[PDB]
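Asks: From first to last, the protein sequence lines are chains C and B.
Everything in the first sequence is counted per the entry's author numbering, starting at 289 for the first residue and increasing by one.
Read in order, the letters of the second sequence are residues 289 to 918, 935 to 950 in the entry's author numbering.
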Amino acid sequence: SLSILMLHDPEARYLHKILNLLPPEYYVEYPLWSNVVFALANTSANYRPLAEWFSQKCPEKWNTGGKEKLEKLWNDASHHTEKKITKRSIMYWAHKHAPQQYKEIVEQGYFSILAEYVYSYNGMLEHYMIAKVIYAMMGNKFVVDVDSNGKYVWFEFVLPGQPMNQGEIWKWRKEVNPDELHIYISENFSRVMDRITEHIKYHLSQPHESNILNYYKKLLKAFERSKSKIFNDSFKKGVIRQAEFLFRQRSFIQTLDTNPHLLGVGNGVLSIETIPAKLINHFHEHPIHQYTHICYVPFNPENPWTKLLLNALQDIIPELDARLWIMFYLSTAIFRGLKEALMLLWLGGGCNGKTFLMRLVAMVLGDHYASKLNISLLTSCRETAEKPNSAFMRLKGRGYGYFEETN
Amino acid sequence: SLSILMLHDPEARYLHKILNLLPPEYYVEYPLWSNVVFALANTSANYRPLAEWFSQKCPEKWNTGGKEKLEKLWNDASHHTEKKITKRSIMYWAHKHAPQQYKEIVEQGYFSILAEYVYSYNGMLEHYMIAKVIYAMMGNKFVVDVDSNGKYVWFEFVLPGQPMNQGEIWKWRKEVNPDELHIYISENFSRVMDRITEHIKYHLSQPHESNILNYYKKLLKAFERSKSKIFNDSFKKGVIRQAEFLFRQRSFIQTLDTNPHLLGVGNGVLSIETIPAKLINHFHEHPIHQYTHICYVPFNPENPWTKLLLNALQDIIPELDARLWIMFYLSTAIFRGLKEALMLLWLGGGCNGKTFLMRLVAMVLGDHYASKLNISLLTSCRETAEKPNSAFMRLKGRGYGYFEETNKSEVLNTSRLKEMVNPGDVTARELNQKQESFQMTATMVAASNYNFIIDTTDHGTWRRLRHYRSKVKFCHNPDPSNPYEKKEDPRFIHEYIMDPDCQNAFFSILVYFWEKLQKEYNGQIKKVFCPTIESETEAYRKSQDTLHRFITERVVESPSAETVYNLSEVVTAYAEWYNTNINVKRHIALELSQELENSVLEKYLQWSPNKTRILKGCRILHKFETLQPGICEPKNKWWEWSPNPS
DNA sequence: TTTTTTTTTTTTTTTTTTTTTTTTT
DNA sequence: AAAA
Ligand SMILES: Nc1ncnc2c1ncn2[C@@H]1O[C@H](COP(=O)(O)OP(=O)(O)O)[C@@H](O)[C@H]1O
Ligand SMILES: Nc1ncnc2c1ncn2[C@@H]1O[C@H](COP(=O)(O)OP(=O)(O)O)[C@@H](O)[C@H]1O
Ligand SMILES: [Mg+2]
Ligand SMILES: [Mg+2]
């Protein structure tokens, strides 16, 4: 089926090209090879021969190992709900381990796409073809989804070295209008246009029969006329309007920030899924949007501020067991999943110190995850007046809530 | 009348060609040709000649099977409808078994249409022609209708193997903008363009006189100029706007989800029209849009989760008859049509599982079919004047409404209660919009640990209520002395609900119970006797009646004395009594005066000549004032319903 | 029982048009 | 080079 694999599907040939220049030691290693097999399986269920061939390269694993076990693993990956990793991630490892050679590969790929369109339609460019060529590149950024209000929304993935606000690195951000997309389509696409022009000029230079007398002249004239369209504002608006259909991704907005084991931190995200916690400061695929402006560092008791805070905590409440219990309960606010349903309330004097800690926790967790409520919520008459309340929007996605003092 | 078929458009011959692919054994199968003739009946009435020809389509046993058989199903009543399979499905039947020829037939059909247009108009394509070609090449995937305020909304039929949300398979979904339509018209229409270009070039290749020297060249130039227009944005928007009219289907939005016998599940649509319940995971035509994310599987008691749920349910309620009645009542939540006017309320104390149970039903049945209702609706103290009340909504199409524990025992006046149980229509208005009327068909349950204060005596009110009292409590120290005590489980509520398998098992149990009830006495709830139920209800009705308690406490057993003026002092004594004996509340004296006649004081209630209805005589008690002168337990399985007595 | 729902807006142009250089004369 |  290998000939069938490179017979019908264009991105099947593209994936076949990408599968080279790979570190086959990772294929030998069970964990990473299983991860990439799962990622490939999540990319459609018609890639069974492709996955078999990927298991066929370096045949030592397919000859010395669980061949039936691997087939069953691929099958259950096909018919189960779990991670849906995609080659995107793979593209990231390919760039990380094998630079240089991939650049010319992808460049020649989208150059071939554009040249095929130009030859097919006599150099008469139009919104859809440039939109498709643009979608051939990027993919890293500019994911489009429909909001609850029915308006298309653009989400841009932030990378280091860009003009961004504090804490927006390594996570998506909401964009009212894709400014970077306009800048890119106006600037970098000119390079591909110049490449096409040089290609057609070179073919014009070589001598042939009367075809070069008129056909290439007409093609060059048409392409020169169509080149200036990419700088027109209305043309760019139409291209963006057509491209938002391709970038549209189903089930993205409602699947945003749903994972309770990932927290948007000022240096990226935190992986509290497994012990110990990991900080992710590189490319990933987790749909994280909300964040806090507090950088994360490993817990070092030798730090002077950590020592001061620990001494203050010891001074606030003397009981060791009570201190440990209350600290354990307060640390639960970092989680965002279902928790044990218990309420803590503690009283004291005007200098009890209760307010200060609650305030420090709220400030550390940030506004997105922490919220302050009103004591009147517990002590109020029933809403027989039908007037809607103003506080139940709180706790939606929040991991912590506190009540203030009252005379 | 074959010449009539010849003259009546090429679409008749197109249908001829597509139906020629039906095998003779398909025509032999009685239901197959029955539903096919019904489908052609739904599409106009001029297809009688086509049906007559179909009588001779593979007629190897038409004479054996009866000449006047196929025409009988149509000639008996050409009019009248049964909501059956129309067209839009014969193509699916042809494609499900006869590929290759079907696809080439449809390909040559729309190719002929487009070639006719391009030849007629000298290769100058426009919006309407492309829209018609697109509609012809897929009329089985999109529907357009107009909603209330007035817009054009696009619905598309989801099929396996394409990006989608979870659980929206085999059913329509609402699209603000037909994205896949744009993708198709930009991608797959280029194939037809290439085919037409190749045909034109092939015709140009063959030599002839001047009629092809420039005529083909001119039209070829025009067509290659117009080819690039399909990739335009404004042109595509215009084509979509034009095609909005072709895909128009009258009476589609208001018929959405109107059938109460169809349920949208995670893996398709569930039909409960016939016994047993049928799951559809293929092409169909039922207009459903709402759904739930609970996959449906047949009721298998061997499943470990089903066993665990059954054991827990048996432990929660000990009585077999009461358990069966409760499950039968809860099984009606699946139905969404008109139901019998029954209100269920059952009390308890501490750990009872009532609320926990309500939660399982709510999550299993889904958000679009189940709702949470505030107790303020049934408080009945508030009289909603001309003002919005959104709490009265969330009953449209819902088949289940449940309540929760309250602060303390509360009064429930018959107002805002009589219309909440009856199978009638109610009206209310909310933010924006205006007043509207809607049929309510949701089964209602309300449980509490504090008794509901019911103040009424009419048989009409005390006929749509059922009261139960749970007898099993949960405590962390289950002393092995009384059976009505068991250990708890925090994960019994913290988890066992998030796991989808539990929802699947509970849905299977609910479907099985509904099927069992339907196989019983044609539905309904009044029959199937449960001696515990309605007996607890009449015992409750004996209590919760202050007037009878007042009479039996003060005047009954002291009839010999005579201290009576009129209804006035009786009213005052009852008022101070109920004010002290019970809570304080305001009343109108006419209701008490009328009910006093209906009370058990008729033996002393005689109207005096000057009216005043003076009681013949009793003793109003003050101070202490004493000395006044006057089942089978099932063996191993209980879900099997036991025999008829059960 | 005000209060916020209702009221106030909301997109308002964009599309286009023009031409379109080249092609025909 | 002027008009479609
Ligand atoms: N660990 C500490 N050591 C010394 N002073 C403290 C400490 N914690 C709080 N304080 C001071 O004591 C005061 C009481 O804090 P606060 O939380 O307002 O008391 P309460 O919670 O009773 O209102 C604060 O003004 C703060 O500056
Ligand atoms: N079959 C069972 N197995 C284990 N624990 C149960 C069972 N039934 C009830 N429980 C305990 O009782 C609770 C059930 O809900 P409960 O709180 O009793 O509802 P209600 O609000 O009616 O009291 C659970 O938290 C659980 O700990
Ligand atoms: Mg304080
Ligand atoms: Mg409960």
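All C-beta atoms in this analysis are idealised placements derived from N, C-alpha and C, irrespective of residue type, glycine included.
Any chance you could list the alpha helix (DSSP H) runs of at least 4 consecutive residues sitting entirely within the segment 332–410 of chain C, in chain order?
Replies: Qualifying alpha helix (DSSP H) stretches, in chain order: 336–344, 348–351, 355–366, 375–385, 389–408.
Asks: Mind listing the chain C neighbours of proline 387(B)? Cutoff is C-beta to C-beta under 7 Å, in chain order.
Replies: Taking the first residue of the second sequence as 1, we reach residue 387(B) at position 99. Result: empty, since nearest Cβ-Cβ is about 17 Å, beyond 7 Å.
Asks: If I measure Cβ to Cβ from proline 311(B) and keep anything under 7 Å in the same chain, skipping five residues before and after, which residues do I get?
Replies: Taking the second sequence and counting its residues from 1, the one referred to as residue 311(B) is at position 23. Excluding residues within five positions, none has a Cβ falling inside 7 Å.
Asks: Determine the direct distance from the alpha carbon of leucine 645(C) to that of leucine 618(C), and round the result to whole angstroms.
Replies: Sequence index remark: in the first sequence, residue 618(C) carries index 330 (1-based). Sequence index remark: in the first sequence, residue 645(C) carries index 357 (1-based). So the two alpha carbons sit approximately 10 Å from each other.
Asks: What ranges does the alpha helix (DSSP H) occupy inside the segment 559–616 of chain C, keeping only unbroken runs of at least 4 residues that lie completely in it?
Replies: List check, alpha helix (DSSP H) in window: 592–604.
Asks: In the segment 610–640 of chain C, which residues sit with their C-beta less than 7 Å from some C-beta in chain B, listed in chain order?
Replies: The residues in question are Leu626.
Asks: Which term fits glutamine 530(C), buried or exposed, when burial requires 16 or more other beta carbons within 10 angstroms of its beta carbon?
Replies: Within the first sequence, the letter at position 242 stands for residue 530(C). Classification for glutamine 530(C): buried.
Asks: Just the chain C side, please: which residues come within less than 7 Å of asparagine 520(B) by C-beta, in chain order?
Replies: As a working note, residue 520(B) is residue 232 in the second sequence. Ordered by position in chain C, the residues that pass the 7 Å Cβ test against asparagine 520(B) are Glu414, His415.
Asks: When you compare each of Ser514(B), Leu544(B), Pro586(B), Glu864(B) to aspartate 435(B) by their alpha carbons, which one comes out closest?
Replies: Locating residue 435(B) in the second sequence gives position 147, where the first residue counts as 1. Closest option to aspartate 435(B), Cα to Cα, is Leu544(B).
Asks: Identify which residue in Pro771(B), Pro766(B), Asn770(B) has its Cα closest to the Cα of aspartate 777(B).
Replies: Residue mapping note: residue 777(B) aligns to position 489 of the second sequence, counting from 1. Nearest option by C-alpha distance: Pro766(B).
Asks: Would you mind reading off the limits of the beta strand (DSSP E) that contains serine 659(C)?
Replies: If you number the first sequence from 1, residue 659(C) lands on position 371. Start and end: 658–660.
Asks: Give me, in chain order, the residues of the same chain whose beta-carbon lies closer than 6 Å to that of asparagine 330(B); leave out the 5 immediate sequence neighbours on both sides.
Replies: The residue labelled residue 330(B) in the question sits at position 42 within the second sequence. The residues are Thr374.
Asks: Excluding the five sequence neighbours on either side, which residues of its own chain have a C-beta within less than 7 Å of the C-beta of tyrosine 657(C), listed in chain order?
Replies: As a working note, residue 657(C) is residue 369 in the first sequence. Cβ within range, chain order: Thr580, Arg686, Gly687, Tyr688.
Asks: Specify the secondary structure class of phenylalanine 726(B) as computed by DSSP and reduced to three states.
Replies: Walking along the second sequence from the start, residue 726(B) turns up at place 438. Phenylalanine 726(B) falls in the strand class under three-state DSSP.
Asks: Find out if the Cβ-Cβ distance for the pair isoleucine 488(C), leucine 508(C) is shorter than 7 Å.
Replies: As a first step, residue 488(C) is located in the first sequence; it is residue number 200 there, counting from the start. As a first step, residue 508(C) is located in the first sequence; it is residue number 220 there, counting from the start. Yes, they are a contact pair.
Asks: When you get a sec, list the residues whose CB is within less than 6 Å of any heavy atom of ligand 4, chain order please.
Replies: My final list is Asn640(B), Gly641(B), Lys642(B), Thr643(B), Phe644(B).
Asks: From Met681(C), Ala679(C), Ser668(C), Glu692(C), pick the residue whose C-alpha is nearest to that of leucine 635(C); which is it?
Replies: Walking along the first sequence from the start, residue 635(C) turns up at place 347. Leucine 635(C) has its Cα closest to that of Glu692(C), out of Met681(C), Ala679(C), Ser668(C), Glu692(C).
Asks: DSSP on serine 493(B), reduced to helix/strand/coil?
Replies: Here residue 493(B) corresponds to residue number 205 of the second sequence, with the count starting at 1. Helix.
Asks: CB of residue 703(C) to nearest heavy atom of ligand 1: below 6 Å?
Replies: Absent from the model: residue 703(C). The displayed extent of chain C is 289 to 695, so no value can be given.
Asks: Please confirm whether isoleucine 742(B) and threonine 694(B) have their CB atoms less than 7 Å apart.
Replies: Here residue 742(B) refers to the residue found at position 454 of the second sequence. Here residue 694(B) refers to the residue found at position 406 of the second sequence. No; because the gap between Cβ atoms is not below 7 Å, this pair is not in contact.
Asks: Closer than 6 Å to a non-hydrogen atom of ligand 2 - does that hold for the CB of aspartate 777(B)?
Replies: Taking the first residue of the second sequence as 1, we reach residue 777(B) at position 489. Yes; taking the cut-off as 6 Å, the Cβ of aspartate 777(B) has a heavy atom of ligand 2 nearer than that.
Asks: Scan the segment 660–687 of chain B for residues whose Cβ lies nearer than 9 Å to a Cβ of chain C and list them as they occur along the chain.
Replies: Answer set for the segment 660–687 of chain B: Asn662, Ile663, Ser664, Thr667, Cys669, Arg670, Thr672, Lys675, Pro676, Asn677, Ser678, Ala679.
Asks: Mind pulling the alpha helix (DSSP H) runs of 4 or more residues that sit fully within the segment 453–526 of chain B?
Replies: Here the runs fully enclosed are 467–475, 477–493, 498–501, 503–515.
Asks: Using a Cβ-Cβ cutoff of less than 6 Å, which residues in the same chain neighbour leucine 338(C) once the five nearest sequence positions on both sides are dropped?
Replies: Walking along the first sequence from the start, residue 338(C) turns up at place 50. Cβ within range, chain order: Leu293.
Asks: Under 7 Å between C-beta atoms, does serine 498(B) make it to chain C?
Replies: Taking the first residue of the second sequence as 1, we reach residue 498(B) at position 210. Not one chain C Cβ lies under 7 Å of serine 498(B).
Asks: Just how far apart, CA to CA, sit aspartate 609(C) and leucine 558(C)?
Replies: As a position in the first sequence, residue 609(C) is number 321, starting the count at 1. As a position in the first sequence, residue 558(C) is number 270, starting the count at 1. When rounded, the distance between both Cα atoms is 29 Å.
Asks: Only counting the same chain, and skipping five residues up and downstream in sequence, which positions put a Cβ closer than 8 Å to that of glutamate 885(B)?
Replies: Position 597 of the second sequence, counting from 1, holds the residue named residue 885(B). Within the same chain, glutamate 885(B) has close Cβ partners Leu893, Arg901.
Asks: Hey, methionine 631(B) and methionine 732(B): beta-carbon distance below 7 Å or not?
Replies: For the purposes of this step, residue 631(B) is identified with residue 343 of the second sequence, where counting begins at 1. For the purposes of this step, residue 732(B) is identified with residue 444 of the second sequence, where counting begins at 1. For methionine 631(B) and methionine 732(B), yes; Cβs fall inside 7 Å.
Asks: Give a yes or no on contact between the segment 430–447 of chain B and the segment 548–566 of chain B, applying the rule of three or more CB pairs nearer than 8 Å.
Replies: Short answer: they don't touch.
Asks: Starting from the beta carbon of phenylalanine 533(C), find every residue of chain B whose beta carbon is closer than 7 Å, and list them in chain order.
Replies: For the purposes of this step, residue 533(C) is identified with residue 245 of the first sequence, where counting begins at 1. Within 7 Å Cβ-Cβ: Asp467, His470, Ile471.
Asks: Tell me whether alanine 600(B) counts as near ligand 2, meaning its Cβ is closer than 6 Å to at least one heavy atom of that ligand.
Replies: If you number the second sequence from 1, residue 600(B) lands on position 312. Yes, ligand 2 has a heavy atom inside 6 Å of this Cβ.
Asks: Taking just the CA atoms, how far does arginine 907(B) sit from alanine 849(B)?
Replies: Residue mapping note: residue 849(B) aligns to position 561 of the second sequence, counting from 1. Residue mapping note: residue 907(B) aligns to position 619 of the second sequence, counting from 1. Their Cα atoms are separated by approximately 5 Å.
Asks: Decide if the segment 515–522 of chain B is in contact with the segment 408–415 of chain C; the criterion is three or more beta carbon pairs, one per stretch, under 8 Å apart.
Replies: Taking 8 Å as the limit for Cβ pairs, the verdict is that the segment 408–415 of chain C does touch the segment 515–522 of chain B.
Asks: Between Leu880(B), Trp895(B), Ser846(B), which has its C-alpha nearest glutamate 913(B)'s C-alpha?
Replies: For this step, residue 913(B) is matched to residue 625 along the second sequence. Ranking the options by Cα distance to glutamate 913(B), first place goes to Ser846(B).
Asks: So the candidates are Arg754(B), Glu313(B), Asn948(B), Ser343(B); which of them puts its Cα closest to the Cα of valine 325(B)?
Replies: Taking the first residue of the second sequence as 1, we reach residue 325(B) at position 37. Nearest of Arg754(B), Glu313(B), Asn948(B), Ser343(B) to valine 325(B), Cα basis: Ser343(B).
Asks: Determine the DSSP secondary structure at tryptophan 942(B), reduced to helix, strand or coil.
Replies: Residue mapping note: residue 942(B) aligns to position 638 of the second sequence, counting from 1. Correct three-state label for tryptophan 942(B): coil.
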